[PDB]
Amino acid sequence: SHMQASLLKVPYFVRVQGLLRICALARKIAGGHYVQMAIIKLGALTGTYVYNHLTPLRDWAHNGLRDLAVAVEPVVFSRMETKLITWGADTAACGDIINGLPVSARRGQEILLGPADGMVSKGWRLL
């Protein structure tokens, strides 16, 4: 799904499993909390976030990890802004760009990202 922005063509659920399995290894070592933070941040780069209500830190986290985190929904180690959006097939418009692609047309509750050229003849309407 284009809405997940993952560098890896792998299901989100499975990506979190793999990431936490690497973390589990450091759960009991000395600077283990530092290690996990590193791996979690590396996961973020790949476009994979972990949430406490889905994969409780209590089941894999080193005791010091939670102190390094400034948030666990999802787990992040530096300030990250919080925004509100209402975007939907009903409000989408030209000018909008989603994960790198420009909004170009609509057809029902579907929105076309990228070039729309030659799509009008098929029921798509330009936004």
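Start at 1 and count along the sequence shown; that's the residue number.
Relative to one another, 50-58 and 37-45 have unequal mean CA B-factors, and 50-58 is the one with the higher figure. Relative to its counterpart among 21-29 and 99-107, 21-29 has the higher mean temperature factor, C-alpha atoms as listed in the PDB entry. In the PDB entry, residue 7 places in the middle third of its chain by CA B-factor. In this PDB entry, the Cα temperature factor of residue 65 sits in the top third of its chain's modelled residues, the highest group.
When the modelled residues of the chain are ordered by their C-alpha B factor, residue 75 lands in the lowest third.
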